[PDB]
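[1] this one's a deposited entry, sequence included:
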Protein chains: 2
Amino acid sequence: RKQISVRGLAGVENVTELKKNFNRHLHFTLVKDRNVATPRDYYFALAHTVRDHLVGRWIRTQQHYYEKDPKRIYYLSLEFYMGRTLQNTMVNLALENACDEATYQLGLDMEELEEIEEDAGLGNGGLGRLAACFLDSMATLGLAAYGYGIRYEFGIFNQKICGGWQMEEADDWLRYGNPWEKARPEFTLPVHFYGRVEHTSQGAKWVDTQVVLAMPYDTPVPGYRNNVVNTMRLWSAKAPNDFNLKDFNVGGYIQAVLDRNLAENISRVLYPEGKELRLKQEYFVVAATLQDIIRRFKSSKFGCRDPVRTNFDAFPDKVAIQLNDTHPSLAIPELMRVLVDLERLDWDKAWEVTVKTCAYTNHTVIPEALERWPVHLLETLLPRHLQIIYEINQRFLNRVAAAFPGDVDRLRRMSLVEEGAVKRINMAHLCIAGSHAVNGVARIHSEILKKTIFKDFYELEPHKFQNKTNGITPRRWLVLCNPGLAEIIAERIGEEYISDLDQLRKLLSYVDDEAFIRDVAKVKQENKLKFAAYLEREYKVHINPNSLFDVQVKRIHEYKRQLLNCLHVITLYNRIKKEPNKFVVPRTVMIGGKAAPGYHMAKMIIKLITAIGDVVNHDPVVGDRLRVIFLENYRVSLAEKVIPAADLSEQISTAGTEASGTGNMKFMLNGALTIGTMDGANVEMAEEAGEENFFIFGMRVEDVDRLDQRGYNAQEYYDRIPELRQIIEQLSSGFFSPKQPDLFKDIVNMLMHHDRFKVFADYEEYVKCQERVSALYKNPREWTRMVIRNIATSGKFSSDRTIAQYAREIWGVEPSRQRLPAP
Amino acid sequence: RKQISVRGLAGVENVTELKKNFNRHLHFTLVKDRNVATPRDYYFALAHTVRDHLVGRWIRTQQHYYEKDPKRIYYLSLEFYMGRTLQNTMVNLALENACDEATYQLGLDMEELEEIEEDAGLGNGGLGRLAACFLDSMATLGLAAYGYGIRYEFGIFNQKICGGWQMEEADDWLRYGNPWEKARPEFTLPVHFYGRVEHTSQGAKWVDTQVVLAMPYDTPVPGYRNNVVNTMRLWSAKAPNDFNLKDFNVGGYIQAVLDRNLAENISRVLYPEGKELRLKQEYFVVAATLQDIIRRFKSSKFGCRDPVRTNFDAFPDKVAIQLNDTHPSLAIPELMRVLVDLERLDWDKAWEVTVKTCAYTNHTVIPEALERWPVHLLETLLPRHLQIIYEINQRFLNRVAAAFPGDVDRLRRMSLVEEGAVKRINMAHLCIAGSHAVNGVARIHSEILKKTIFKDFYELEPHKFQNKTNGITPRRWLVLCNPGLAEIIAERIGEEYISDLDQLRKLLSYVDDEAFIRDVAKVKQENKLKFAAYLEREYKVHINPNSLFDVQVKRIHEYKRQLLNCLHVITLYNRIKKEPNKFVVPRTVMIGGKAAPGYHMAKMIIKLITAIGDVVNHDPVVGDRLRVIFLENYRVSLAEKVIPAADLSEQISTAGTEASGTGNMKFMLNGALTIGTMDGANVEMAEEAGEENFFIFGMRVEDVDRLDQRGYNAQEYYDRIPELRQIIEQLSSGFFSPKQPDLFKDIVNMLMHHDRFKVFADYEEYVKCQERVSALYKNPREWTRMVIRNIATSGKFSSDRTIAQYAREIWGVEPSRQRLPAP
Ligand SMILES: Nc1ncnc2c1ncn2[C@@H]1O[C@H](COP(=O)(O)O)[C@@H](O)[C@H]1O
Ligand SMILES: Nc1ncnc2c1ncn2[C@@H]1O[C@H](COP(=O)(O)O)[C@@H](O)[C@H]1O
Ligand SMILES: *Cc1c(COP(=O)(O)O)cnc(C)c1O
Ligand SMILES: *Cc1c(COP(=O)(O)O)cnc(C)c1O
């Protein structure tokens, strides 16, 4: 028995061992051999060959958390936007090299295989991206931490651009299984929907419900060089399958066909409005997760360690339920439903626990974006919970009635229950009422939250409101995507920087050393060189690897202002055509984003960007002086590829519309300079960086408010400007169209008569900034020197700093960068 | 590339190696731990340690058939009653002792873990047990065979007996993985349905058909120590998953959530009338299968041996198919559609090949049970197919007419299209005409085919109608299930019997060697000994070890007659009660077997048996001289516990009905005397063992036709036999059913007024032959010498004999017990 130990298995740094476990995983686990296998089959085997290493260091850590019994923090998020795992595993796990030499000998190319990897289809935006990065940092600073979410089968669709139009294709990423996850049939949980809340004896009983089964999958995540691997548990919706006879709800009518499919699509569809699925999915992930939670709360030393009930007096001291945005919000009614109805707790205690255990992270600047369910849905499908939500509502509103007595409107502004035609429940007021720390994501964001959107909650509980500025992981977005530069940082300042990023500041004595300058400018040269090459291998274009590489790789939306940059590209077009022998710093401007399904504008904007495209990129006079590419199907894969090759970073959002943003930061670590509004996280970059090193343009938020106040009148701009007057008549007549002229109608008219985002306001200064930017591009040694002053300054934007803060200020655990022993 | 070999990855009969493997798979395959593993878990550590070896030699054998390119055989059966893999594989690869030791040195006991495997529920009775044997014999004869069926997800039902009534629960044996199988997503195939045949220029095209996907799962099958490992490849149906927006059929209406579940439940369950799903299940298993069959004819080297058309002339030399019962008949016009329509042969060069490929095993005698689909039903979902059956039909009837000219009435009887209200297609007659061999599975059976059922097919095609008597593997059904009797037969003659069964006549010497005779009787004392105990441990009763273990395990169906056996037990019950102090040999009667839902008679016989049980097992006057036990959820792993323990095998059907009967045999080899009628495979056992070593009774087929001739009139037997009359009046008054007197009204009435099978008629003769049975049990040295004579004679019943006869007189290949090389 104690001979059934971990001990025996791993020869680590040896190539001959790896060739052996690769050959084992090809032949034995895969049940394939070389006369029939494929790139994908040797791809699986290698990943399985990497995974051995990985689950050994996981057993030891999991084991360790049960021995040393610490605070476990549970990161709830419905999107986990990981994207490709292999190399990332190899770099934090140090096998990077040992595997390449073993694959070369076996006679496979690692890069041929690493690109077979589909991005993990659990994700969409800078919500789930953030989640995946945070998890890296949770491991690297050694927190006993679980991230939970749903396992979706179909991701967020794959983009096809057909004729300059976006087509939605599907991401059936798990088509061939997923070698990293481990399925748990043993751990299937029931989740309940529907019901009837019968009130009886000591409480009430949720009776007669439909059940669905959440089956967990375990995907491990490995800390940077520190021998901790933690977990990512995700849940699959499974039907009970009596469906044919038992219960004898069938025989007669098998319309339970539906029970089962409406079940099955809880886990199918990821979401890009009020659809009862979205609520079934949120709840699903929450209910299953809280049962695995309290399950370990009781199990770890505590099913033993009771004193009274295995009382949840120490549930705050041992569990942390992190609500990433209102999508997890039924975690506060479902912990009080579990603690008050199934355990036999009473309200005031059960609340002391919810609140002391729970924390909320908000990611939206404007009141409209926040979640609110219609109360009849909750009443039909989640009854028990709508009672609890209303008791919570009652009570929190007697706290504000205690505090600010006699006010009527505060009670009616802060209420969880919104009145109106279509009565609602405001999930952000649930989470604020039920969480012990609320927090933002950039300095300005957390302050408008404190000063406009939640200030009635702010002055009841100022103590609650925190800020915890977003960040990036130096693993994924430096060492990994851009080794060339990680390397010339290594020799100058050490290796400690990847586990400690504020050390980059040491680079700031080497500002002037011409040796480093050329190295830094060499790496970028190599990078654009490479991108120009993937861009013309996987797809094709007539790039200039030397040109100013301009990128805007944002979600395609109106407040993210792709049109502000298209007007500026048609401004340089119109100059290079009006004066063909004038020196214009050549640019190749690339814009990527997937639209958002049927957002009319956005789909029309991608078609505009491929219009400028077919026009200027094909004109003879334009030459190679200017070029426009729309980057197809932007994703983690792809940012790892283009973020390295960028010189200028297009963070141009209307002042006050981005709550933070994180590609912003990514671009700064990769040595690129930002042209952006004084908004989001651009504030703290510029503040760290020196505004002298940053390109801030555009109206500050003051200037916005005021123009709304006096009236934005688009037209007036149009008329005191000739290049703008011109470019809009161009679009209009059909300059960029001509097989249907009248096609850009709705953009020419939106911009011109009804732009909510003020494009024309910033147009005079945006090009008068873009010129400065092109002048210093055309100065080599200082371009590279603005850059280093940015790179050196990158520190505060490492997610490790964001998790140390959560750790000590919202959660209550120190971090630790001490490398576990083991395997 | 050559560097990626099967080679370095083993140690085989090596304790220390297997204990090392077990620890990897528990912690790296299972990502479990000793601190967390279940019993269920240590069998996936062990079953995975035993699978490495099982697949290394599969790697090798399959390469070995591509290079050797032998004619290949494919057993098409809709049911493979596999059932428990750990030990058959341990003992077919000879790692049982080495494993027992490893797991033993680790500190688990191997027997514990063996019983956690749930039987691989892909079968149901005779038909499907058989197929499973033929795979172990066909591997053992080093033949290049294949097993292709549907993977049923829910098998068929698990039997629960509640209130002495049969409850059918669901078998989701697939609950925590089946480690013996390998999912191959990547060989998924389109199986086509409904549609229309558009006849264009050079033929017809089958257009507009719904498609369902056929996913394969690979289970290696290890021959006995001859290093071959073949494949059973079962197919899992699956919905296309375009069902959401991709197709523009949905969006607006997902009522084809239905298509999706009607498609998945082709693989969902076994069956258990003209049902659209049975035909769907039949076509499905055939079609994905005939594309692997034709694929390997093209891809298995023969793509470079094309000579002409990659000729399908070399198809019956190098492929062979078996229709195991009419459940794959659509393989014949499915093949003619693939050759003529999809390839491009003319209809004779396509038929020559088809009739030279198909050979079809039969197992039915009664007309009423031959397969017959309605032609409208073939029109709707297989329109091309019923066009091709009609071609076959025209011509086959023109052959027939060339031959029996003038006879119209023969023409109207031999056709594949039956007429009445609802015209049907005689799937029996399709099978015969599209084949180069038809064969019953027992001599009395093959002849009744030629004589009465298939006769006009034998005057026309005499040569075609062969026979190949059923048989059983010796490895599962004597070595694996009887290590004790395996041991002492080894002592007196060594192994070649296990691989060569008529070698057991050598035992006829030892008939009077007192060592032998103490040892055969001792082994049985101990098999009964452990079974008395599970009959206490896993379910409950107080068994007397020292009783005549009288067993009857059949399909609970009227003609199989457990109501003849119920009447003899009520007759001992009565006897032992009228005279409590007469020495009557003590017996344990045990009946088990599934009803099959909705058959009311059967469901009432299962209750009858348990009613009688409750009465005699609680009657104090009785003591342990008599006990009636219903064994529940009879399946392959019970059959392997109950058969070692049986002393009397009751093979009692109505004379003429059983066509053969694979279990008849299992008992003989396991030393139990057979009581039974002269029919089926009793016929060639009472011939092999000599009649007087058999308890043959009752009416012969002769006198059953005779009884029908003067008309069987139940009441006259009622009016002479005075113990009968007594049990009928006991049944009716509710002696056995006190709370509902009238509960067996149906059974009584049945017997008495409309018993199709002549139970009363065989009642005097059966009670007297049993009197002679308890007499001979009352004398241990002679009952044991009978037993020695029945075991000495088992040889004619190996599946190695039957398969040989297949290979040589039908499939045309040669068996070989020669070792293939490997690991
Ligand atoms: N009682 C325990 N003692 C030690 N380690 C444990 C214990 N329970 C769970 N673990 C560890 O945690 C893993 C399971 O994680 P969980 O899903 O949290 O139960 C096990 O495989 C061990 O690595
Ligand atoms: N061309 C081939 N040469 C050697 N071995 C082969 C070849 N094709 C198939 N095999 C072997 O046969 C197994 C089954 O092949 P398949 O018929 O493709 O399922 C493969 O997994 C290999 O072990
Ligand atoms: C970093 C990243 C994002 C983040 O979007 P922002 O608007 O930059 O915060 C989105 N998608 C991908 C693929 C990313 O790599
Ligand atoms: C052999 C076997 C059968 C065969 O039934 P017969 O009555 O013998 O034809 C049925 N069930 C199991 C479990 C078997 O192994």
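    Now that the structure is in, tell me what you want to look at. Numbers count the residues shown, from 1 in each chain, chains lettered A, B, ... in the order given. Ligands and ions are numbered 1, 2, ... in the order given.

[2] tell me if residue A:660 really is in a helix.
    No - under DSSP: H, G, I helix; E, B strand; the rest coil, residue A:660 sits outside any helix and is assigned coil.

[3] hang on, isn't it packed against residue A:448?
    No - in this structure, residue A:660 is not within contact of residue A:448 by CB atoms under 8 Å, at 11.8 Å. The C-beta positions use only the backbone N, C-alpha and C, and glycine is treated the same way.

[4] who's more crowded, the two?
    Counted by other CB atoms under 10 Å in any protein chain shown, residue A:660 and residue A:448 do not tie: residue A:660 has more neighbours, with 26 against 17.

[5] which non-adjacent residue is nearest residue A:704?
    The shortest distance from residue A:704 to any non-neighbouring residue, by CB to CB, 6 or more residues apart in numbering or on different chains, is to residue A:655 (5.1 Å).

[6] swap in residue A:78?
    Leaving out its chain neighbours, the residue that sits closest to residue A:78 by CB to CB, 6+ apart is residue A:327, at 4.6 Å.

[7] likewise residue A:184?
    residue A:216 (4.8 Å).

[8] equivalent analysis for residue A:466, please.
    Once flanking residues are discounted, residue A:466 sits nearest to residue A:439: 4.2 Å by CB to CB, 6+ apart.

[9] ok, that neighbour - contacts?
    When contacts are counted by CB atoms under 8 Å, 6 or more residues apart in numbering or on different chains, residue A:439 touches A:359, A:360, A:361, A:362, A:446, A:465, A:466, A:467, A:468, A:810.

[10] tell me if it really is in a helix.
    No - using three-state DSSP, the secondary structure at residue A:439 is strand, not a helix.

[11] okay, and the beta partners of it?
    residue A:361, residue A:466 (DSSP bridges).

[12] residues in contact with whatever residue of the stretch 501-650 of chain A ends up closest to ligand 2?
    Closest contact between the stretch 501-650 of chain A and ligand 2, by CB to the nearest ligand atom, is at residue A:538 (29.9 Å). By CB under 8 Å, 6+ apart, the contact set of residue A:538 is empty.

[13] cool, and residue A:53?
    So residue A:53 contacts A:10, A:12, A:93, A:95, A:823 (CB under 8 Å, 6+ apart).

[14] closest point of the stretch 551-700 of chain A to chain B, which residue?
    Going by CB to the nearest CB, chain B is nearest to residue A:597 of the stretch 551-700 of chain A, at 9.3 Å.

[15] next, that residue: secondary structure please.
    Under three-state DSSP, residue A:597 falls in the coil class.

[16] residue contacts, it?
    Neighbouring residues of residue A:597 by CB under 8 Å, 6+ apart: A:157, A:168, A:272.

[17] equivalent analysis for residue A:344, please.
    Shown in contact with residue A:344 (CB under 8 Å, 6+ apart): A:202, A:203.

[18] relative to residue A:336, how far out is it?
    Distance of residue A:344 to residue A:336, computed by CB to CB, to the nearest Å: 13 Å.

[19] the residue in the stretch 251-400 of chain A positioned nearest to ligand 3: what secondary structure?
    For the stretch 251-400 of chain A and ligand 3, the shortest gap (CB to the nearest ligand atom) falls at residue A:363, measuring 9.8 Å. With three-state DSSP as the basis, residue A:363 sits in coil.

[20] could you list the buried residues of stretch A:429-438?
    Neighbour counts over stretch A:429-438 (16 or more other CB atoms under 10 Å in any protein chain shown) mark A:429, A:430, A:431, A:432, A:433, A:434, A:435, A:436, A:437, A:438 as buried.

[21] Throw those residues into CSV and include distance to residue B:340 and secondary structure, thanks.
    Putting those into CSV (distance: CB to CB, whole Å; DSSP: H, G, I helix; E, B strand; the rest coil) gives the following:
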residue, distance to residue B:340, secondary structure
A:429, 71, helix
A:430, 68, helix
A:431, 68, helix
A:432, 73, helix
A:433, 74, helix
A:434, 71, helix
A:435, 71, coil
A:436, 75, coil
A:437, 74, coil
A:438, 73, strand
